[PDB]
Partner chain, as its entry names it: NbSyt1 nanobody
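Below sits a lone chain in structure tokens, taken as the form deposited without its partner chain.
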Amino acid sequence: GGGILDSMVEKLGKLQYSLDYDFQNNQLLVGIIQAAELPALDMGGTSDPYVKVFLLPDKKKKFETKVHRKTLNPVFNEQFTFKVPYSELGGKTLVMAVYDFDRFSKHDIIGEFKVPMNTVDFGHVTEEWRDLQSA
């Protein structure tokens, strides 16, 4: 069953987020809440996680949480706002990507996932845990 095991979702941790569309101010609100069970490094190391948060296909610069040093279970508790009228949302996709900050080399991705806005349930707050997907 090795081929089948290789196809399984790898244990790269999970991110909890929330989402709500503010119809008063016409903006998408995103909560980056916390991550859990991020993978250990070699030599028993922990990573320095942060999250990038952004819409596709939009080309504007990505939002980022603070970096949380030396933790596999960070609590971010950050909010981000996207000023996009509802009518223009559905064709877009929200991306959340967790990276390992390093000062001296490329920041390795830990993993990512995507939320197409056309299967967002508008008008109720969305909150879930999502397994980070390999990249």
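Residue numbers count along the first chain shown, from 1. By rigid core we mean the largest C-alpha set that fits within 1.5 Å across both forms. Residues that one form lacks are left out of the comparison.
Task: Residue range whose averaged C-alpha B-factor is higher in the record, 21 to 29 or 118 to 126 - done: Averaged over C-alpha atoms, the B-factors run higher in 118 to 126.
Open item on the list: Per the record, averaged over C-alpha atoms, which has the higher B-factor: 75 to 83 or 90 to 98?
Closed with: Higher mean C-alpha B-factor in the PDB entry: 90 to 98.
Task: Residue of maximum C-alpha B factor among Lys59, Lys66, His107, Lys70, per deposited coordinates - done: Among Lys59, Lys66, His107, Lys70, the highest C-alpha B-factor in the entry belongs to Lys59.
Task: Chain-wide C-alpha B factor ranking for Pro39, given as lowest, middle or highest third - done: It falls in the middle third of the chain.
Open item on the list: Among the modelled residues of this chain, does the Cα B factor of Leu132 put it in the lowest, middle or highest third?
Closed with: Bottom third by C-alpha B-factor.
Below: the form solved in complex with its partner chain, not depicted.
- [ ] Identify which of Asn73, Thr46, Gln27, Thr93 has a heavy atom within 4.5 Å of its partner chain in the deposited bound form; exactly one of them does.
- [x] Exactly one listed residue reaches within 4.5 Å, namely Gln27.
TODO: State yes only if every one of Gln16, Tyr21 and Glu78 has a non-hydrogen atom within 4.5 Å of its partner chain in the deposited bound form; otherwise state no.
DONE: Yes: each residue has a heavy atom within 4.5 Å of the partner.
- [ ] Please name which of the stretches 52 to 60, 27 to 35, 102 to 110, 85 to 93 has residues with heavy atoms lying within 4.5 Å of its partner chain in the deposited bound form.
- [x] Flagged stretch: 27 to 35.
Open item on the list: Taking any heavy atom pair closer than or equal to 4.5 Å as contact, tell me whether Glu127 reaches its partner chain in the deposited bound form.
Closed with: Yes, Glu127 is a contact residue.
Open item on the list: Quick check for you: superpose on the rigid core, then look between the shown form and the other one for a C-alpha move of 2 Å or more. Which of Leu72, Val67, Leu56, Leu41 is it?
Closed with: Of all the options, the C-alpha that shifts by at least 2 Å belongs to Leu41.
Open item on the list: Could you identify the runs between the shown form and the other one where three or more consecutive residues, present in both forms, all have C-alpha shifts of 2 Å or more after superposing the core?
Closed with: Run 40 to 45 stands out as the only one displaced between the shown form and the other one - at least 3 residues long.
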